[PDB]
Amino acid sequence: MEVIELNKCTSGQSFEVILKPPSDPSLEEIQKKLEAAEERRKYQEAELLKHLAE
Amino acid sequence: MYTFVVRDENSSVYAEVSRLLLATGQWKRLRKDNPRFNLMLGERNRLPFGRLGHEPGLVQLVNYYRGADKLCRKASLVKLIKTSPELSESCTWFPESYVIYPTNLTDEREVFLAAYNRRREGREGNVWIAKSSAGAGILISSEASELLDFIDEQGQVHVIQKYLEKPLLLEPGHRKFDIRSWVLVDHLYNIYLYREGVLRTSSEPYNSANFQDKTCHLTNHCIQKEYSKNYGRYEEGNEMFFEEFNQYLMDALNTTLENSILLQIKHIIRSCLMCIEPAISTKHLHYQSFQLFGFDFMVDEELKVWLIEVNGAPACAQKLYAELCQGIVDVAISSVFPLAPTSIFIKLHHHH
Amino acid sequence: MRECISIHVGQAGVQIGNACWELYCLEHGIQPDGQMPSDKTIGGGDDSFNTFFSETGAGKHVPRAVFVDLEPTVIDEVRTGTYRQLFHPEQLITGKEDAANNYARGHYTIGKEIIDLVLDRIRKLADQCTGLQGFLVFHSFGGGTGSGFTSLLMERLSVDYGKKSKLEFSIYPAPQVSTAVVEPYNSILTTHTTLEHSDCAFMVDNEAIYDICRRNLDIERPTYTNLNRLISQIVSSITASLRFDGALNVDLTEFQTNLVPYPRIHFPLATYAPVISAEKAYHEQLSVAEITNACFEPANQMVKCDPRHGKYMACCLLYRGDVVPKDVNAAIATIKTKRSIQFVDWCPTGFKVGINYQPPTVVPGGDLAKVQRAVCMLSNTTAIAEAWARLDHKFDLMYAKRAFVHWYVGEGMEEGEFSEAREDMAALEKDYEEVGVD
Amino acid sequence: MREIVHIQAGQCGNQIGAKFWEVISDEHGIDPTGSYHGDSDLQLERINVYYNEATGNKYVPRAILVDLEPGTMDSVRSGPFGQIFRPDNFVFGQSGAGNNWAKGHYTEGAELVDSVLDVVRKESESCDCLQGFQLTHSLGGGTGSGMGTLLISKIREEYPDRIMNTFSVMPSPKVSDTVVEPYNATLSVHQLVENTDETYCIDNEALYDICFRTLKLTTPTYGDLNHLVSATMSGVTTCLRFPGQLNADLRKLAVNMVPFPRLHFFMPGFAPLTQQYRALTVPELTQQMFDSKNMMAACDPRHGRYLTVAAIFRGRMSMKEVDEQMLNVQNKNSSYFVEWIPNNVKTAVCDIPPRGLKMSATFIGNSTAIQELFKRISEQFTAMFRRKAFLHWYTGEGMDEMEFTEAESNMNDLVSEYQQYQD
Ligand SMILES: Nc1nc2c(ncn2[C@@H]2O[C@H](COP(=O)(O)OP(=O)(O)OP(=O)(O)O)[C@@H](O)[C@H]2O)c(=O)[nH]1
Ligand SMILES: Nc1ncnc2c1ncn2[C@@H]1O[C@H](COP(=O)(O)OP(=O)(O)CP(=O)(O)O)[C@@H](O)[C@H]1O
Ligand SMILES: Nc1nc2c(ncn2[C@@H]2O[C@H](COP(=O)(O)OP(=O)(O)O)[C@@H](O)[C@H]2O)c(=O)[nH]1
Ligand SMILES: CN[C@@H](C)c1ccc(F)cc1
Ligand SMILES: [Ca+2]
Ligand SMILES: [Ca+2]
Ligand SMILES: [Ca+2]
Ligand SMILES: [Mg+2]
Ligand SMILES: [Mg+2]
Ligand SMILES: [Mg+2]
């Protein structure tokens with residue numbers, strides 16, 4: 001039951017009690033993902049229009 | 001109309017409780033995966049406790065206490081007793097036990113040998129028994145060499161504890177036995193001891209000069225009905241109930257079952273369950289638990305009672321399924337979900 | 001001094017952010033017009049509160065905050081609300097139609113068209129900082145914007161501010177206050193893509209906030225305002241160290257250092273006490289021991305789970321009010337002899353304690369009673385994995401039938417991203433089990 | 001500003017559509033001349049969803065009235081709120097469609113559809129942010145059925161990413177005008193399966209039974225049936241017309257109701273349906289709302305399972321007691337809710353009740369029991385088609401038998417799709 005690193009100031013204090021010792025994707029890659037999904041949306045809409053044209 | 005799901009088809013106890021619940025015409029059984037249940041008769045292993053109590057508007061109850069395995073595992077029970085101040089290492093009603101991991105894997109090997117060498121030197125009885133939860137796999141020997149080598153041949157944790165060389169032997173027969181007590185703990189953590197117990201007796205005369213034949217040393221109902229040639233001779237199914245056992249203690253030892261044995265059993269049950277109550281209590285939890293326990297005791301020739309193990313998913317004696325299963329519904333289920341005596345239990349009062 | 005930029009995404013994030021900055025102002029003595037009389041340095045200063053507030057020459061104190069929502073009705077509340085004067089228009093970003101509870105729609109379809117704008121507005125705030133620490137990102141799991149656009153924002157932030165910390169305050173979905181069936185889908189999709197980009201995430205389960213409001217505040221049917229005022233008290237407790245003088249959790253990096261030994265396991269459990277109803281005749285004031293002991297009761301945890309059956313990796317006690325270290329150590333000693341507190345063997349069994357003498361501030365006319373002392377415990381338990389299991393299970397039930405999947409595929413997301421995200425959660429569940437179970 | 005463009009096509013579509021605007025105009029305080037005379041700001045909060053604002057603070061419905069004969073739309077223009085509609089929004093011909101899907105869809109309708117889309121475009125161009133469209137029509141006639149589904153197809157082509165929503169009256173031999181109604185309904189259903197996001201199935205048989213058995217009307221009329229549709233349309237759109245959170249947007253509603261794209265056909269229900277002054281308790285609202293006798297698709301829900309349910313409660317009541325009763329119905333009958341969609345029952349509350357009611361509840365169910373409705377249609381269709389009976393009315397308009405065979409297959413596929421998820 002030890003207390004360590006007691007820090008005190010006018011607005012409070014902080015300390016530590018020990019009870020027992022122990023025993024990314026680049027900007028380019030993000031644009032591709034975003035554009036790939038947009039391309040799949042476009043391909044799906046084109047197929048819808050192609051179906052409606054028929 | 002209350003709803004319940006079944007997730008252990010192999011439970012004879014709750015198969016009857018489920019059969020009773022439906023008979024009341026006020027309980028409905030849902031598919032085992034339907035989450036909108038009031039009551040779960042859960043599986044033995046890996047019961048998904050973390051999914052209980054998150055259904056808006058449903059008070060949910062389960063027939064197992066999360067964490068009670070600490071008491072119902074051979075190795076866990078030993079560790080719990082030795083490390084818990086409430087039970088202490090000097091606990092007088094539990095045989096001297098040690099947790100021994102096979103060498104192919106803390107471990108109490110050296111601690112066990114030290115106490116063993118002491119007994120060997122002091123001319124004392126030095127017979128130990130080795131067992132584990134992964135058994136149907138038991139060995140009784142007076143040589144430490146055989147006990148340790150038998151565990152290495154296996155691959156799971158084991159426990160070596162002192163074998164009760166001076167057991168109480170029923171007469172006629174000169175035969176060993178153990179006492180099974182059923183204990184139901186409800187959601188409020190009341191401890192109810194079923195008034196009916198069973199003595200699972202050995203139909204063979206006890207023989208201390210031959211631990212090789214384990215039919216007169218192991219009182220398991222399966223071993224007696226498979227390897228014992230006098231099965232069913234003295235009592236039906238090697239099962240003596242309290243009425244007969246109490247009468248015997250009166251005719252033979254001029255004492256009563258309550259005075260000589262039952263007080264110790266009730267004391268042991270209380271101690272064990274009160275010890276783990278802070279860890280498994282569901283008092284302030286989002287769901288509620290109850291559980292049926294099977295306590296196993298040994299009685300020595302001094303009328304001292306010893307705890308053998310605790311079973312978390314016990315079966316019952318055929319003759320006592322109706323009474324007990326009804327009692328489970330009365331105090332465990334209907335207390336939380338009431339329906340539109342002379343209790344069969346014995347409430348062991350205690351401080352929460 | 002180092003600045004912190006708060007980002008509020010979606011309805012949940014924006015309305016929670018509205019409640020926090022309301023509380024922040026009351027705590028620092030800032031009026032709705034931005035004026036702060038106690039600030040004797042007009043138009044500047046590197047005080048602790050300046051980590052969250054910038055200053056104009058006219059003495060206004062402006063939150064370092066950005067509000068983003070793909071639909072304008074929620075942010076229009078800020079523009080005309082009590083604190084409309086705090087923020088300037090550049091800080092409030094709104095689109096015209098939302099993501100419809102569809103992660104793919106917030107992340108891909110709509111996110112792709114507004115991401116650069118949001119980053120530009122954030123860049124403006126960052127340019128006012130002499131030493132930016134990082135970001136605090138508030139959002140929900142279930143919303144299409146909260147889930148879908150946040151993950152896109154977190155990825156870009158890691159690219160534009162590689163060395164900056166990012167903390168999350170995430171709203172875990174609760175059916176009692178949710179009307180979207182697909183929120184398990186969104187929660188898991190956004191956890192997967194955000195996992196490697198967030199240094200520390202504080203999950204708040206609406207089910208827990210809801211029950212605390214009904215149980216302790218006697219609110220029969222709590223509203224978002226009830227839920228959000230309670231949530232901003234916890235957020236305030238967690239961020240007070242950045243806004244006030246102190247030595248514990250004084251910068252964003254210290255949250256990871258103190259609470260997250262393993263990067264993926266960065267979801268501390270938050271526990272708060274006491275929550276007292278203001279409508280009470282008058283409440284007996286709780287002691288340091290009582291409010292500390294309450295930190296180990298499930299009923300006051302931000303996520304319903306059972307820490308008794310997990311393992312702790314770290315533990316911070318954040319006290320506010322009349323609290324001296326003497327009483328703290330006394331309460332802790334008593335709680336160890338009674339509570340089931342198991343730490344992982346590779347971590348010390350201890351507590352980092354922080355005390356701020358200013359007791360909790362409560363919004364006038366709110367639901368919370370003024371108390372003389374309160375505490376918020378931040379503990380990293382494996383028990384919080386229960387919340388992942390509940391969520392992953394609901395995901396599996398629907399995904400086995402591909403229910404609602406067509407909505408996500410229709411927005412340009414591949415079906416494989418579902419299973420990819422699910423397998424990542426399966427790995428997250430395995431990591432918790434390896435750390436907490438024997 | 002999430003505007004919806006309303007379209008009503010054909011006789012049934014225009015008569016039911018008319019009553020709809022009469023009902024909701026009252027709820028929002030709009031008088032027959034479009035002047036607002038309400039007393040609650042909640043009325044105007046979302047008024048722009050269905051109304052445009054003209055000079056002088058006039059509110060003009062965003063509705064397009066379509067028909068191939070003038071008769072029914074003259075009745076509207078002469079009806080109670082006839083003057084409230086934009087005069088330019090009346091688009092009609094003189095030929096009629098003779099209860100003939102082919103005439104509405106391929107011949108007579110095709111000649112008129114372009115002028116309808118001109119008005120649709122005009123309304124959409126003035127929308128700040130168009131949500132989508134809602135169409136009221138019947139499937140048993142020629143204009144609403146044939147031209148209506150032609151309109152959806154051409155609207156989808158021009159607004160592919162908006163939500164298409166319909167209130168579709170299904171024919172029944174008990175309330176029948178012509179024997180070809182099964183033909184027209186089967187042809188339309190295939191269109192709807194493809195080109196609508198949400199279709200409220202309104203069965204004239206259910207409406208009849210409710211008027212006869214529950215409402216005790218000795219001789220029900222189309223007017224009586226339409227009173228139930230008006231009340232139902234007002235209930236299901238409450239989430240759109242007042243402030244809310246659950247399904248408060250067409251696309252958000254679709255996201256939570258439609259787990260599979262082709263299974264988007266809903267069973268609506270209303271309560272009360274009435275001792276008419278007695279107060280109605282929250283339990284009674286819930287019991288009735290879920291009662292089959294209160295539903296308008298003539299399908300027994302106990303014959304299938306609910307994929308998703310949306311409930312709306314209107315009036316000043318105990319929201320706590322609402323959650324309790326809703327949770328009581330789910331927990332007391334969870335065998336009728338698929339277990340593989342957690343929390344598929346969502347409840348919303350609105351404080352403004354309908355005219356002349358302390359409180360009410362509207363029910364919206366995506367149930368697999370709806371397959372019973374398509375089975376009835378399919379059976380009647382096949383009974384005639386196997387003998388090619390009455391086919392000449394259709395082949396005389398350029399159609400081939402192959403098109404009927406394909407419509408048949410498509411609806412039987414739909415029924416099979418409902419069956420697999422019911423198991
Ligand atoms: N605690 C709390 N939860 C909220 C609040 N607002 C929404 N939620 C929760 O957030 C989830 C829905 O996500 P939203 O934030 O509303 O959706 P969104 O981020 O605006 O994204 P959209 O789909 O575009 O609307 C549900 O689980 C709600 O319970 C709030 O103000 N406070
Ligand atoms: N220390 C000991 N001394 C004497 N006998 C012992 C003993 N430990 C075990 N036994 C004997 O072993 C039998 C059962 O052992 P144990 O209970 O450990 O195995 P088990 O768990 O498979 C049977 P159950 O679970 O039904 O009680 C008892 O009947 C008892 O007679
Ligand atoms: N509920 C209701 N159904 C109607 C009404 N008018 C016609 N119907 C039904 O609609 C079908 C006839 O379609 P109708 O609208 O008259 O043909 P259309 O004008 O060519 O579209 C038949 O099934 C009728 O039972 C009405 O006012 N109310
Ligand atoms: C179909 N014939 C007309 C007269 C009719 C209308 C409504 C109704 F409920 C019953 C009959
Ligand atoms: Ca200053
Ligand atoms: Ca990073
Ligand atoms: Ca012509
Ligand atoms: Mg056993
Ligand atoms: Mg939103
Ligand atoms: Mg007609």
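Residue numbering restarts at 1 for every chain, and letters A, B, ... go by the order of the sequence lines. Any value given below was found using the heavy atoms of this structure, including those in side chains, with hydrogens, waters and symmetry copies removed.
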Can you tell which of [options] has the highest number of heavy-atom pairs within less than 4.5 Å of chain A?
options	result
C:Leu317, C:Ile115, C:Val323, C:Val159	C:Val159
C:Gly350, C:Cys316, C:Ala247, C:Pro325	C:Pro325
C:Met413, C:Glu411, C:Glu155	C:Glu411

Interchain contact, [X] with chain A, by part (heavy-atom threshold 4.5 Å):
X	value
C:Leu152	side chain
C:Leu318	neither
C:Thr109	both
C:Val328	side chain
C:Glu113	side chain
C:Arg156	both

Ring-plane angle category for C:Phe49 and C:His28, please: parallel below 30°, perpendicular beyond 60°, tilted otherwise.
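Ring orientation of C:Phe49 relative to C:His28: tilted.
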Classify the ring geometry of C:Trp346 against C:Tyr262: parallel below 30°, tilted from 30° to 60°, perpendicular beyond 60°.
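Because their plane-to-plane angle lies in the 30° to 60° range, the rings of C:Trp346 and C:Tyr262 count as tilted.
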Under 4.5 Å from any heavy atom of chain C, what part of A:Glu5 do you find: side chain, backbone, both or neither?
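A:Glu5 has no heavy atom closer than 4.5 Å to chain C.
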Between [options], which residue shows the highest count of heavy-atom pairs closer than 4.5 Å to chain C?
options	result
A:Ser26, A:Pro21, A:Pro25, A:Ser14	A:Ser14
A:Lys33, A:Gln13, A:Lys20	A:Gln13
A:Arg40, A:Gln44, A:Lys8	A:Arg40
A:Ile30, A:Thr10, A:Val17, A:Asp24	A:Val17

Between the side chains of C:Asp438 and C:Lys311, is the shortest nitrogen-to-carboxylate-oxygen separation below 4.0 Å, so that they form an ion pair?
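Result for this pair is yes, salt bridge flagged.
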For a 4.5 angstrom cut-off between non-hydrogen side-chain atoms, does [X] reach [Y]?
X	Y	value
C:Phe255	C:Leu242	yes
C:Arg320	C:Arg373	no
C:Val409	C:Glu414	no
C:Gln358	C:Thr361	yes

For the CD atom on C:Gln256, are there more than 12 heavy atoms of other groups (residues, nucleotides or ligands in this structure) within a distance under 6.0 Å?
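More than 12 within 6.0 Å, yes.
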Between C:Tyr103 and C:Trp407, is the ring centroid distance below 6.0 Å?
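No - the distance between ring centres of C:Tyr103 and C:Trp407 does not fall below the 6.0 Å cut-off.
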